[PDB]
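Protein chains in written order, with the deposited numbering: chain B, 2 to 275; chain C, 2 to 275; chain A, 2 to 275; chain D, 2 to 275. Here a beta-carbon is modelled for each residue, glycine too, at the ideal position from N, C-alpha and C. The next block holds one structure in the form of structure tokens; read it before the comments.
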Ligand SMILES: NC(=O)c1ccc[n+]([C@@H]2O[C@H](COP(=O)([O-])OP(=O)(O)OC[C@@H]3O[C@@H](n4cnc5c(N)ncnc54)[C@H](O)[C@@H]3O)[C@@H](O)[C@H]2O)c1
Ligand SMILES: NC(=O)c1ccc[n+]([C@@H]2O[C@H](COP(=O)([O-])OP(=O)(O)OC[C@H]3O[C@@H](n4cnc5c(N)ncnc54)[C@H](O)[C@@H]3O)[C@@H](O)[C@H]2O)c1
Ligand SMILES: NC(=O)c1ccc[n+]([C@@H]2O[C@H](COP(=O)([O-])OP(=O)(O)OC[C@H]3O[C@@H](n4cnc5c(N)ncnc54)[C@H](O)[C@@H]3O)[C@@H](O)[C@H]2O)c1
Ligand SMILES: NC(=O)c1ccc[n+]([C@@H]2O[C@H](COP(=O)([O-])OP(=O)(O)OC[C@H]3O[C@@H](n4cnc5c(N)ncnc54)[C@H](O)[C@@H]3O)[C@@H](O)[C@H]2O)c1
Ligand SMILES: Oc1cc(Cl)ccc1Oc1ccc(Cl)cc1
Ligand SMILES: Oc1cc(Cl)ccc1Oc1ccc(Cl)cc1
Ligand SMILES: Oc1cc(Cl)ccc1Oc1ccc(Cl)cc1
Ligand SMILES: Oc1cc(Cl)ccc1Oc1ccc(Cl)cc1
């Protein structure tokens, strides 16, 4: 496979539906040696089996808000794996209230929480593991259109993702000198533990399905394969990029109508509402 | 005014609803000395009165597909005005068929026409008048979101506008050395002779009205004022820019819902649709 | 003038070279009634005379890190001015260390400071004064190309500005319903108290001067005029926009060479370098 | 392999250094069945042996300026291959003069040639072969940063590439309904027959090498692998995207300096310039 002999750290798995899992799964089918981290002991209940399923005995605790965990992590992968060829950063969080209502109502606390867990953790994760990164290593994080466009009540996470993509660009210049790559995979809406916690997500999901050029929502496998590519040597010439895996949704300047042209009607007015 | 003493050429007026007219109107209110061009004698019937209305006796014939017209134009403005401080390029065309159906169906002839009238003409207009341009001169052209985003059946005009905005960047580097500025005003949908010729434009218009942040379509005056700004010394520090005057529509990543949050419903499903 | 009768709050004046002063100066020349805020008593020494210079007796204390100041600000402008037509948000801070070295070295504390002072403050400032904002009101903030592109050691401030422009988009949708506008002016490098504190800024400045299409650095007046425009009714059709006032620098995909074409040489290898 | 059993048409091979060959090579290593086209009999001298090297006996003549060639192409692939899974569009042309001097000097003829051969050909190629495209088929074309940013004397080809990326977006919507994907690979500068014909290309090449984050130019293999990915089911969730394979160069907002920070000096002033 394209990751045969390669060692990578997967941060962000919560269950078999996690985007991090889709990527880990695809990276595994490519021969990668994987190691996983979990936020707490409850999540570990799902991460461990998943790890074993992917031939991995390396499971470490990691709550990006606890700096001491980063210390242990360094020592852990350095002892178990010795070095890393790729890092998957699939983590983000903001209080439930922040994701509803307007950005205006956001509290200073919710803001900092969103930024620290969703943005700064990439810096700390990368800086902490930099010594263990081999040449050609690849760092991947996840983003969403909400960083550069308005998306229904994405609010503060929108500011976080925009900062995150900027961080991807600066990190690429900081680590590129060492031949290390950094990119962001901008996935289209998909059902996950975090997404199921978002208001009217079924609607955001329905909207993408109908208005996206490929007229369908992206699968966990498609996001996973896209991540695996970004992480492999297949994309050794790619860095600082925000790669879209959203069935082409990002290209839409408005609602689709294309199929019907009698008087041209919104695909939305025809399907998933009437 | 901000254009007092300044001399500009207005290319693109077809009637009192033309964007070029809005711009000319706003520039006039700022003390600008104006000159106008018309495609043919039928359009001249509307351009002349408008020109007189704006205290202008300089009306020249100009069909961008006829190179000889550019020769006469140079001689005309050089004799009547001696020099130009700003140029407004508000012209575009493509066969009716091209704007309906898909891009795939576009013929080679419709493609070339769209590109020559909507893009090359800016090059030839600018190159032809370059010797008559004073320092600080400002060249302005019009574009639409369809250049960088998909908009319903905009098809070939989308490729043209994209090229046009790229031309704006190259022309800014070419003329910037001579202290001349070049920009593109990306207007939101608005009723005009050319727009009225487009299929289901009422819908594209309705859609922008409901989904745009300011919840309304832009007025001709707002587009005009924006243009005047771009043309005046007020923006002497701006060049190679694509300025959006679309009630903020360009920031939308999807349909609006913001106002209603019970279950959060698409503002489209509530207004202009039910 | 275009701001005659209009009332604006200027946040960010440190001295006669602050971008906020340029904007205030330009807005003043347009008949605007102004009110200013200062971070502390040392800054107030410069803010007051400036305020008087601009015919303003409304000077308030405002350190965006102290929530109680926002309460007093509300009560103050509400008592002195009654309502606001525009808000100028020209504030940003980050520890000196963050702006040097790599992003990777940034501490969690510096990160939060950068984000809170430079981004969250726009949210709190706007939310606090929302009730005093009249219809058609305009909120303006300042950004830099470092948000979407890598700029020498801009680091964390780059992430901040990316988030800021994203905030401008979400705030525009939140406030657009109330006919209020929100934009960001992306100014080119310019000598200010804050800029003078940045390493090798003379170089970033020199580089923009030689490589920018208009071959020069932007003047405080140009930035001020651009701001005034964004804040006036002249731009009532503009919102959620990131307006570039950088002598067109943003369009450069590489170093300039355009003038000399023998073998084509980098303008940088010819000027300010030999 | 990821293209095992998949059938694709490679358009644009001139020799063993052509980007189309790098992609064909990578697609071949993935089990794809290939078919090639050549402009004329002189090019065929290089295409055939290459085709045989890639286990391909399907070599067809195709000059995108001759419509009748598209007719023959349809009949040829339909008889030899029956159907297509992916199309590679790696073709562009502009008179030598256009690529030097300014855009302002471009003639109407050079403009049309640049647009027709570099942009319209994708439309015609795709429309002609649409009936032979299986579901999940992928259409790939090549672009360059010069489409959205100014690149030294890229001129009219910059307008063309901008239009080409816009076309990719519209074609993605037109063909997405049929589950077909359309993308654009934006390669970094690389030595090819066409590039060798461009003025001071060694400099543009040198400039990317030193200023790109990965501090190196991209290899033909890297571009090939990126293309193969875009053409394979690995990217089934990607469409209408402009994928950058330029060692991360696109993220640079100015010349690099990062490594040296004493006073921070442009890497350009240190290497390939002294
Ligand atoms: N070389 C680079 O650094 C670079 C960078 C970005 C994009 N590209 C793009 O890659 C594509 C081609 O790649 P390349 O650099 O390998 O060029 P190349 O010289 O290897 O071949 C591309 C050419 O297109 C073909 N062509 C020209 N006119 C044609 C016509 N009328 N009909 C059919 N074919 C025609 C030529 O035969 C030749 O194969 C172009 O779109 C080019 O703009 C190249
Ligand atoms: N689901 C989508 O449609 C979608 C779309 C775009 C982007 N994303 C991004 O993908 C990533 C999440 O993936 P997902 O959607 O599979 O959701 P998920 O729930 O599976 O993943 C979120 C992960 O973040 C972890 N996390 C939360 N707080 C943490 C903390 N303090 N320390 C360490 N880990 C913490 C959770 O434990 C969980 O494993 C996020 O970055 C998200 O923004 C998701
Ligand atoms: N109406 C909108 O919602 C909208 C939105 C975005 C951009 N635009 C742009 O604005 C410009 C047109 O403004 P408008 O909407 O007022 O349309 P309009 O009909 O009022 O103006 C179009 C002008 O172009 C002229 N023209 C066409 N072919 C010509 C030729 N061969 N030679 C000389 N002139 C020629 C017409 O005579 C007409 O005066 C176009 O470039 C268009 O793409 C319009
Ligand atoms: N100078 C440039 O070349 C340049 C370029 C692009 C953008 N900008 C932006 O312009 C804005 C400021 O303009 P400037 O460059 O003239 O800087 P400036 O020094 O004149 O203003 C910065 C202001 O921020 C204020 N500030 C800092 N911390 C504060 C706090 N906690 N509470 C309240 N106020 C606080 C300072 O008091 C000062 O008035 C910044 O947002 C900056 O990022 C500057
Ligand atoms: O970024 C996302 C974008 C989408 Cl469309 C769906 C889910 C996402 O992921 C998260 C992660 C944590 C929190 Cl609190 C909220 C959303
Ligand atoms: O560019 C435009 C965008 C919009 Cl929304 C509405 C009208 C426009 O202008 C034209 C000009 C000529 C032709 Cl043939 C078609 C459209
Ligand atoms: O954003 C900026 C961009 C440039 Cl080019 C120059 C100065 C800027 O403003 C600041 C404000 C506060 C800190 Cl701590 C650092 C920089
Ligand atoms: O697009 C390109 C970009 C670069 Cl950097 C180098 C070569 C390129 O390809 C071409 C193809 C045909 C002509 Cl006439 C000119 C350039």
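* Asked: Hey, how far is the Cα of residue 49/D from the Cα of residue 56/D?
  -> To locate residue 49/D, count along the fourth chain from 1; it is residue 48. To locate residue 56/D, count along the fourth chain from 1; it is residue 55. Taking the straight line from one Cα to the other gives about 10 Å.
* Could you give the DSSP three-state label for residue 204/A: helix, strand or coil? => Counted from its first residue, the third chain places residue 204/A at position 203. The answer is helix: DSSP assigns residue 204/A an H, G or I state.
* Asked: Just curious, the beta strand (DSSP E) that residue 140/C is in, first and last residue?
  -> Here residue 140/C refers to the residue found at position 139 of the second chain. Start and end: 134-144.
* Asked: Taking Cβ to Cβ, would you say residue 228/C is nearer than 8 Å to residue 89/C?
  -> In the second chain, residue 228/C corresponds to position 227, counting from 1. In the second chain, residue 89/C corresponds to position 88, counting from 1. Cβ atoms of residue 228/C and residue 89/C: closer than 8 Å.
* **ligand 5 heavy atom lying under 7 Å from the CB of residue 94/B** => As a working note, residue 94/B is residue 93 in the first chain. Yes, ligand 5 has a heavy atom inside 7 Å of this Cβ.
* Asked: Which runs of the alpha helix (DSSP H) fall wholly inside the stretch 96-122 of chain B and span at least 4 residues, in chain order?
  -> If we require 4 residues or more, the alpha helix (DSSP H) runs fully inside the stretch 96-122 of chain B come out as 109-116.
* To do: Give the interface partners of residue 116/B over in chain A, defined as CB-CB distance under 8 Å, in chain order.
  => Along the first chain, read from residue 1 onward, the residue named residue 116/B stands at position 115. Within chain A, the residues placing a beta-carbon under 8 Å from that of residue 116/B are 112, 113, 116 and 164, ordered along the chain.
* Who pairs with residue 187/D in a beta bridge, going by DSSP? -> On the fourth chain, residue 187/D is found 186 positions in, with the first residue counted as 1. For residue 187/D, which the question treats as bridged, DSSP gives the partners 144/D and 245/D.
* Asked: Is any heavy atom of ligand 5 found at a distance shorter than 7 Å from the C-beta of residue 158/B?
  -> Locating residue 158/B in the first chain gives position 157, where the first residue counts as 1. Yes; taking the cut-off as 7 Å, the Cβ of residue 158/B has a heavy atom of ligand 5 nearer than that.
* **Whole-Å CB distance - residue 270/A paired with residue 209/A, under 8 Å assumed** => As a first step, residue 270/A must be located in the third chain, where it is residue number 269. As a first step, residue 209/A must be located in the third chain, where it is residue number 208. With a Cβ gap of about 16 Å, residue 270/A and residue 209/A do not count as contacting.
* Closest to residue 118/D by CA distance: which of 2/C, 112/C and 244/C is it? -> The residue labelled residue 118/D in the question sits at position 117 within the fourth chain. Among 2/C, 112/C and 244/C, the Cα nearest to that of residue 118/D belongs to 112/C.
* Between residue 253/B and residue 150/C, which are expected to be in contact by the criterion C-beta below 8 Å, what is the C-beta distance as a whole number of angstroms? -> Along the first chain, read from residue 1 onward, the residue named residue 253/B stands at position 252. Along the second chain, read from residue 1 onward, the residue named residue 150/C stands at position 149. At roughly 7 Å, the Cβ-Cβ gap stays under 8 Å, so residue 253/B and residue 150/C are in contact.
* From 170/B, 60/B, 99/B and 144/B, pick the residue whose C-alpha is nearest to that of residue 105/A; which is it? -> Along the third chain, read from residue 1 onward, the residue named residue 105/A stands at position 104. Of 170/B, 60/B, 99/B and 144/B, the residue nearest in Cα terms is 170/B.
* Asked: Just to check, is the beta-carbon of residue 20/B closer than 7 Å to a non-hydrogen atom of ligand 2?
  -> Looking up residue 20/B in the first chain gives position 19. Flag set: Cβ of residue 20/B near ligand 2.
* For residue 168/B, I'd like the list of residues in its chain whose CB is within less than 7 Å of its CB, leaving aside the five on either flank, ordered along the chain. => As a first step, residue 168/B is located in the first chain; it is residue number 167 there, counting from the start. For residue 168/B, the CB contacts under 7 Å within the same chain, skipping 5 residues up- and downstream, are 120, 123 and 124 in chain order.
* Any chance you could list the beta strand (DSSP E) runs of at least 3 consecutive residues sitting entirely within the stretch 66-94 of chain B, in chain order? => Within the stretch 66-94 of chain B, the complete beta strand (DSSP E) segments at least 3 residues long are 85-90, listed from N- to C-terminus.
* To do: With 8 Å as the threshold, decide whether the Cβ of residue 302/B is near any Cβ in chain C.
  => Any answer about residue 302/B is impossible in this case: the structure gives chain B only from 2 up to 275.
* Asked: For residue 201/A, which residues in chain D fall below 7 Å Cβ to Cβ?
  -> Position 200 of the third chain, counted from the first residue, corresponds to residue 201/A. Correct list: 264 and 265.
* To do: Using the Cα positions of residue 33/C and residue 137/D, report the straight-line distance between them to the nearest angstrom.
  => Working through the second chain from its first residue, we reach residue 33/C at position 32. Working through the fourth chain from its first residue, we reach residue 137/D at position 136. Their backbone Cα atoms lie some 57 Å apart in a straight line.
* Asked: Looking at the unbroken alpha helix (DSSP H) that takes in residue 24/B, where does it start and where does it end?
  -> The count along the first chain starts at 1 and reaches residue 24/B at position 23. 20-29 is the span of the alpha helix (DSSP H), which, as asked, contains residue 24/B.
* **Reduced DSSP secondary structure (H/G/I, E/B, other) of residue 60/A** => Start at 1 with the first residue of the third chain, and residue 60/A comes out as number 59. DSSP, reduced to helix, strand and coil, places residue 60/A within a strand of the structure shown.
* Is the stretch 142-160 of chain C close to the stretch 62-82 of chain D, with three or more CB pairs under 8 Å? -> Segments in contact, no.
* Kindly give me the distance between the Cβ atoms of residue 188/C and residue 145/C, rounded to whole angstroms, as I take these residues to be in contact under 8 Å. => Mapped onto the second chain, residue 188/C falls at position 187. Mapped onto the second chain, residue 145/C falls at position 144. The pair is a contact, with the Cβ atoms about 7 Å apart (cut-off 8 Å).
* **residue 237/B and residue 223/D closer than 8 Å at C-beta** => In the first chain, residue 237/B corresponds to position 236, counting from 1. In the fourth chain, residue 223/D corresponds to position 222, counting from 1. At the C-beta level, residue 237/B and residue 223/D come within 8 Å of one another.
* Proximal residues, the stretch 250-264 of chain D versus chain A, C-beta separation under 8 Å -> Taking 8 Å as the Cβ-Cβ cut-off against chain A, the residues of the stretch 250-264 of chain D that qualify are 252, 253, 254, 255, 256, 258, 259, 262 and 264.
* Unbroken beta strand (DSSP E) run spanning residue 12/C, endpoints -> As a position in the second chain, residue 12/C is number 11, starting the count at 1. Residues 8-12.
* Rounded straight-line distance, which links the Cα of residue 263/C to that of residue 14/A -> Walking along the third chain from the start, residue 14/A turns up at place 13. Walking along the second chain from the start, residue 263/C turns up at place 262. About 42 Å.
* Between residue 238/A and chain B, is there a C-beta pair that is closer than 8 Å? -> The sequence position of residue 238/A within the third chain is 237, counting from 1. Not one chain B Cβ lies under 8 Å of residue 238/A.
* **Member of 161/A, 191/A, 2/A and 202/A whose CA lies at the smallest distance from the CA of residue 267/D** => Stepping through the fourth chain from its first residue, residue 267/D is reached at position 266. The shortest C-alpha separation from residue 267/D is found at 202/A.
* residue 26/D: buried (16+ other C-beta within 10 angstroms of its C-beta) or exposed? -> Position 25 of the fourth chain, counting from 1, holds the residue named residue 26/D. By the 10 Å Cβ count, residue 26/D comes out buried.
* Please classify residue 36/B: does DSSP put it in a helix, a strand, or coil? => Numbered from 1 along the first chain, position 35 holds the residue referred to as residue 36/B. Look at residue 36/B here: in three-state DSSP terms it is strand.
* May I ask you to check if the CB of residue 214/D is nearer than 7 Å to at least one heavy atom of ligand 6? => For the purposes of this step, residue 214/D is taken as residue 213 along the fourth chain, with counting starting at 1. Every heavy atom of ligand 6 is 7 Å or more from the Cβ of residue 214/D, so no.
* Coil, strand or helix - residue 230/D by DSSP -> Residue 230/D sits at position 229 when you count from the first residue of the fourth chain. If DSSP states are grouped into helix, strand and coil, residue 230/D belongs with the helices.
* Members of the stretch 27-51 of chain D near chain A, C-beta cut-off 8 Å -> Across the stretch 27-51 of chain D, no CB contact with chain A closer than 8 Å is found for any residue.
* Own chain partners of residue 74/C with C-beta closer than 6 Å, once the 5 adjacent residues on each side are dropped -> Residue numbering aside, residue 74/C sits at position 73 when the second chain is read from its first letter. Same-chain partners within the cutoff: 61 and 63.
* To do: State the beta-bridge partners of residue 182/A as determined by DSSP.
  => Counting from 1 along the third chain, the entry for residue 182/A is found at position 181. Answer by DSSP bridge pairing, in chain order: 139/A.
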